[PDB]
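**Student:** Please read through the structure below; I'll follow up with questions.
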Amino acid sequence: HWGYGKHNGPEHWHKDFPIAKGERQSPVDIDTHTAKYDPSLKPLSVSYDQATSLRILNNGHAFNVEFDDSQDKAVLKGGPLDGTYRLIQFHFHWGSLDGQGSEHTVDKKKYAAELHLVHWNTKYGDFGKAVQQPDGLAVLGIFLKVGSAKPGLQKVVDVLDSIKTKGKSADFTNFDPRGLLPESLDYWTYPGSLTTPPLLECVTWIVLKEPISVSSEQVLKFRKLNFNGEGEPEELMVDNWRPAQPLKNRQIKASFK
Ligand SMILES: CC(C)(C)c1cc(=O)[nH]c(SCC(=O)c2ccc(Cl)c(S(N)(=O)=O)c2)n1
Ligand code: NA
Ligand SMILES: [Zn+2]
């Protein structure tokens, strides 16, 4: 039932998932001036050399590219984290227009899209158990701006036509997520939540300072996807982002400057 429309959008989610109004919801506006620099933060460690992509799915909310997380093959560590977190999937949120689409904002600025590389703490054994823990997930958020193409994204954009409607999936092997990373790993970090129901407060958010550039044609193809299932009426998959939520009693830390 939840979705991104007038009748089932972010403003309605609290009725099914009361934690929507909780103490550590995501996303948030990142006020770059009042984020606290912390020289004790470690560089982020992104080890994606052995990543095994498997499949791409349209789940009716976004598309997920999933990875084999049954061994430590693509891991996030270091940065603000004490655990090791295995990459399970990445997905994006995007807008109907280049002027919006990101979930996190930076000094109130919206980006055309936001990538989320979702990782779970190896100490909880699997994704389902990790989401039930305040330190279960580490999500690496990367902003997309529209400009030059990101060559490393194109293999993704080119399969979208095969997963147009809700429920479709396609084989998606040998995709290297290192081709989606900006040059710098400088980051902001804060404790927060999934940005979709069930909105569980289990995420350490690591949002990179440097956006990647993608072309207008690349983002255009995201917007040709559908929220509906095949042979139901066409509802374009656009604006699948949750707006910024109150920061409440949290401090955003910066690894830099
Ligand atoms: C998250 C889970 C429970 C697998 C799920 C359930 C659901 O009903 N709909 C969706 S769609 C969004 C999504 O798959 C997902 C998974 C993990 C994370 Cl951390 C995030 S986010 N948007 O916080 O990064 C989204 N996902
Ligand atoms: Na262009
Ligand atoms: Zn997300």
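If you're wondering about the labels, chains in the structure tokens are A, B, ... by order shown, residues count from 1 in each chain, ligands from 1 in order shown.
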Residues up to 9 Å from ligand 3, counting only C-alpha atoms and all ligand atoms: could you list those as number ranges by chain?
**Tutor:** A: 62, 90-93, 103, 114-118, 139, 141, 194-196, 241
**Student:** Give the residues close to ligand 2, within 10 Å, counting only C-alpha atoms and all ligand atoms; write them as a list in words.
**Tutor:**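 Result of the 10 Å neighbour search around ligand 2: residues 146, 147, 148, 149, 214, 215, 216, 217, 218, 219 and 220 of chain A.
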**Student:** Write a file of the selected residues as a PDB file, in the first residue's frame, keeping N, CA and C atoms.
**Tutor:**
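Produced file again_0.pdb, reproduced below:
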ATOM      1  N   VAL A 146      23.238  16.311 -12.850  1.00  0.00           N
ATOM      2  CA  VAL A 146      23.154  16.138 -14.300  1.00  0.00           C
ATOM      3  C   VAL A 146      24.276  16.985 -14.969  1.00  0.00           C
ATOM      4  N   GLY A 147      25.075  16.309 -15.789  1.00  0.00           N
ATOM      5  CA  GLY A 147      26.162  16.985 -16.514  1.00  0.00           C
ATOM      6  C   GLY A 147      26.742  16.042 -17.531  1.00  0.00           C
ATOM      7  N   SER A 148      28.024  15.794 -17.424  1.00  0.00           N
ATOM      8  CA  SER A 148      28.610  14.723 -18.277  1.00  0.00           C
ATOM      9  C   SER A 148      28.090  13.311 -17.817  1.00  0.00           C
ATOM     10  N   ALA A 149      28.017  12.365 -18.748  1.00  0.00           N
ATOM     11  CA  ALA A 149      27.663  10.977 -18.437  1.00  0.00           C
ATOM     12  C   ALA A 149      28.640  10.313 -17.462  1.00  0.00           C
ATOM     13  N   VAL A 214      26.071  12.506 -13.983  1.00  0.00           N
ATOM     14  CA  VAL A 214      25.423  11.603 -14.956  1.00  0.00           C
ATOM     15  C   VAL A 214      24.772  12.476 -16.036  1.00  0.00           C
ATOM     16  N   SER A 215      24.543  11.926 -17.219  1.00  0.00           N
ATOM     17  CA  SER A 215      23.956  12.777 -18.272  1.00  0.00           C
ATOM     18  C   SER A 215      22.470  12.852 -18.143  1.00  0.00           C
ATOM     19  N   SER A 216      21.904  13.833 -18.839  1.00  0.00           N
ATOM     20  CA  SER A 216      20.518  14.046 -18.860  1.00  0.00           C
ATOM     21  C   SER A 216      19.905  12.765 -19.463  1.00  0.00           C
ATOM     22  N   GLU A 217      20.496  12.166 -20.519  1.00  0.00           N
ATOM     23  CA  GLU A 217      19.913  10.954 -21.140  1.00  0.00           C
ATOM     24  C   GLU A 217      19.909   9.736 -20.167  1.00  0.00           C
ATOM     25  N   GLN A 218      20.985   9.619 -19.382  1.00  0.00           N
ATOM     26  CA  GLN A 218      21.036   8.595 -18.310  1.00  0.00           C
ATOM     27  C   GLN A 218      19.894   8.742 -17.316  1.00  0.00           C
ATOM     28  N   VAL A 219      19.749   9.915 -16.705  1.00  0.00           N
ATOM     29  CA  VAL A 219      18.591  10.086 -15.776  1.00  0.00           C
ATOM     30  C   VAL A 219      17.220   9.964 -16.491  1.00  0.00           C
ATOM     31  N   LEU A 220      17.165  10.353 -17.770  1.00  0.00           N
ATOM     32  CA  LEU A 220      15.895  10.268 -18.514  1.00  0.00           C
ATOM     33  C   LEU A 220      15.406   8.841 -18.533  1.00  0.00           C
TER      34      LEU A 220
END
**Student:** Using only C-alpha atoms, determine which residues lie at most 12 Å from residue 200 of chain A, disregarding the query and same-chain residues fewer than 6 positions distant; provide the list as a PDB file with N, CA and C atoms, in the first residue's frame.
**Tutor:**
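What landed in part-v1.pdb:
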ATOM      1  N   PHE A  17       3.421   2.855   9.837  1.00  0.00           N
ATOM      2  CA  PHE A  17       4.787   2.660  10.415  1.00  0.00           C
ATOM      3  C   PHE A  17       5.033   3.854  11.285  1.00  0.00           C
ATOM      4  N   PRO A  18       4.578   3.765  12.551  1.00  0.00           N
ATOM      5  CA  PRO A  18       4.583   4.885  13.463  1.00  0.00           C
ATOM      6  C   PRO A  18       5.966   5.437  13.741  1.00  0.00           C
ATOM      7  N   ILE A  19       6.973   4.606  13.510  1.00  0.00           N
ATOM      8  CA  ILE A  19       8.318   5.049  13.670  1.00  0.00           C
ATOM      9  C   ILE A  19       8.670   6.137  12.640  1.00  0.00           C
ATOM     10  N   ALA A  20       7.864   6.318  11.588  1.00  0.00           N
ATOM     11  CA  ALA A  20       8.035   7.501  10.694  1.00  0.00           C
ATOM     12  C   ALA A  20       8.244   8.801  11.462  1.00  0.00           C
ATOM     13  N   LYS A  21       7.653   8.902  12.657  1.00  0.00           N
ATOM     14  CA  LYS A  21       7.805  10.128  13.457  1.00  0.00           C
ATOM     15  C   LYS A  21       8.834   9.976  14.557  1.00  0.00           C
ATOM     16  N   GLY A  22       9.806   9.058  14.399  1.00  0.00           N
ATOM     17  CA  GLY A  22      10.707   8.753  15.495  1.00  0.00           C
ATOM     18  C   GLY A  22      11.887   9.685  15.638  1.00  0.00           C
ATOM     19  N   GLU A  23      12.807   9.289  16.526  1.00  0.00           N
ATOM     20  CA  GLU A  23      13.926  10.125  16.929  1.00  0.00           C
ATOM     21  C   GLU A  23      15.125  10.113  15.989  1.00  0.00           C
ATOM     22  N   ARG A  24      15.184   9.178  15.037  1.00  0.00           N
ATOM     23  CA  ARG A  24      16.363   9.094  14.176  1.00  0.00           C
ATOM     24  C   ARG A  24      15.984   8.674  12.738  1.00  0.00           C
ATOM     25  N   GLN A  25      15.029   9.429  12.178  1.00  0.00           N
ATOM     26  CA  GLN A  25      14.552   9.193  10.826  1.00  0.00           C
ATOM     27  C   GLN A  25      15.485   9.857   9.783  1.00  0.00           C
ATOM     28  N   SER A  26      15.437   9.269   8.602  1.00  0.00           N
ATOM     29  CA  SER A  26      16.231   9.712   7.477  1.00  0.00           C
ATOM     30  C   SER A  26      15.246   9.899   6.293  1.00  0.00           C
ATOM     31  N   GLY A 128      18.187  -9.572   7.239  1.00  0.00           N
ATOM     32  CA  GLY A 128      16.921  -9.547   7.994  1.00  0.00           C
ATOM     33  C   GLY A 128      17.153  -9.333   9.480  1.00  0.00           C
ATOM     34  N   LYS A 129      18.169  -9.984  10.034  1.00  0.00           N
ATOM     35  CA  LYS A 129      18.539  -9.760  11.439  1.00  0.00           C
ATOM     36  C   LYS A 129      19.191  -8.386  11.678  1.00  0.00           C
ATOM     37  N   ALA A 130      20.117  -7.991  10.806  1.00  0.00           N
ATOM     38  CA  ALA A 130      20.756  -6.673  10.918  1.00  0.00           C
ATOM     39  C   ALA A 130      19.751  -5.473  11.011  1.00  0.00           C
ATOM     40  N   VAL A 131      18.632  -5.510  10.267  1.00  0.00           N
ATOM     41  CA  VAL A 131      17.706  -4.349  10.257  1.00  0.00           C
ATOM     42  C   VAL A 131      16.967  -4.210  11.563  1.00  0.00           C
ATOM     43  N   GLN A 132      17.058  -5.255  12.397  1.00  0.00           N
ATOM     44  CA  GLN A 132      16.414  -5.195  13.678  1.00  0.00           C
ATOM     45  C   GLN A 132      17.381  -4.616  14.752  1.00  0.00           C
ATOM     46  N   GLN A 133      18.548  -4.135  14.336  1.00  0.00           N
ATOM     47  CA  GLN A 133      19.593  -3.661  15.261  1.00  0.00           C
ATOM     48  C   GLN A 133      19.976  -2.214  15.013  1.00  0.00           C
ATOM     49  N   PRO A 134      20.249  -1.437  16.088  1.00  0.00           N
ATOM     50  CA  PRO A 134      20.520   0.003  15.911  1.00  0.00           C
ATOM     51  C   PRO A 134      21.804   0.217  15.093  1.00  0.00           C
ATOM     52  N   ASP A 135      22.678  -0.792  15.033  1.00  0.00           N
ATOM     53  CA  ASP A 135      23.899  -0.684  14.206  1.00  0.00           C
ATOM     54  C   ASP A 135      23.951  -1.744  13.097  1.00  0.00           C
ATOM     55  N   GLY A 136      22.791  -2.092  12.549  1.00  0.00           N
ATOM     56  CA  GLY A 136      22.723  -3.216  11.644  1.00  0.00           C
ATOM     57  C   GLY A 136      23.202  -2.895  10.240  1.00  0.00           C
ATOM     58  N   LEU A 137      22.982  -1.659   9.778  1.00  0.00           N
ATOM     59  CA  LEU A 137      23.248  -1.295   8.384  1.00  0.00           C
ATOM     60  C   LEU A 137      24.218  -0.108   8.281  1.00  0.00           C
ATOM     61  N   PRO A 191      23.534   8.960  12.620  1.00  0.00           N
ATOM     62  CA  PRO A 191      22.688   7.798  12.806  1.00  0.00           C
ATOM     63  C   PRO A 191      21.251   8.049  12.317  1.00  0.00           C
ATOM     64  N   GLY A 192      20.707   7.144  11.510  1.00  0.00           N
ATOM     65  CA  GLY A 192      19.331   7.354  10.981  1.00  0.00           C
ATOM     66  C   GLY A 192      18.598   6.053  10.645  1.00  0.00           C
ATOM     67  N   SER A 193      17.772   6.042   9.587  1.00  0.00           N
ATOM     68  CA  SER A 193      16.815   5.003   9.374  1.00  0.00           C
ATOM     69  C   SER A 193      16.816   4.575   7.898  1.00  0.00           C
ATOM     70  N   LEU A 194      16.147   3.438   7.565  1.00  0.00           N
ATOM     71  CA  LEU A 194      15.703   3.243   6.169  1.00  0.00           C
ATOM     72  C   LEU A 194      14.851   4.433   5.782  1.00  0.00           C
TER      73      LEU A 194
END
**Student:** Residues of segment 47-250 of chain A classed as strand (DSSP E or B) by DSSP on the backbone are to be reported as a VMD selection string.
**Tutor:** chain A and resid 47 53 to 58 63 to 67 75 to 78 85 to 94 105 to 106 109 113 to 121 137 to 146 169 to 171 187 to 192 203 to 208 212 to 214 226 236
**Student:** Would you kindly return, as a VMD selection string, each protein, DNA or RNA residue with an atom no farther than 7 Å from any atom of residue 106 of chain A, considering only C-alpha atoms and excluding same-chain residues fewer than 6 positions away?
**Tutor:** chain A and resid 29 to 32
**Student:** I want to know what sits within 9 Å of residue 158 of chain A, based on only C-alpha atoms, with residues of the same chain fewer than 4 positions away left out; could you give that as an MDAnalysis selection string?
**Tutor:** chainID A and resid 153:154 162 218 221
**Student:** Just to be explicit: take each residue in the selection above, keep C-alpha atoms, and write the result as an mmCIF file, in the first residue's frame.
**Tutor:**
data_model
loop_
_atom_site.group_PDB
_atom_site.id
_atom_site.type_symbol
_atom_site.label_atom_id
_atom_site.label_comp_id
_atom_site.auth_asym_id
_atom_site.auth_seq_id
_atom_site.Cartn_x
_atom_site.Cartn_y
_atom_site.Cartn_z
ATOM 1 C CA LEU A 153 26.449 3.687 -14.903
ATOM 2 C CA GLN A 154 25.558 2.944 -18.478
ATOM 3 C CA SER A 162 14.051 -5.281 -19.598
ATOM 4 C CA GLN A 218 21.036 8.595 -18.310
ATOM 5 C CA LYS A 221 15.978 6.504 -18.804
#
**Student:** Please report the interatomic distance between atom CA of residue 203 of chain A and atom 11 (S, counted along the ligand's line) of ligand 1 in Å with one decimal.
**Tutor:** 14.8 Å
**Student:** With only C-alpha atoms as the counted atoms, please give the residues lying no more than 8 Å from residue 184 of chain A, apart from itself and same-chain residues fewer than 3 positions off, as an MDAnalysis selection string.
**Tutor:** chainID A and resid 208:210
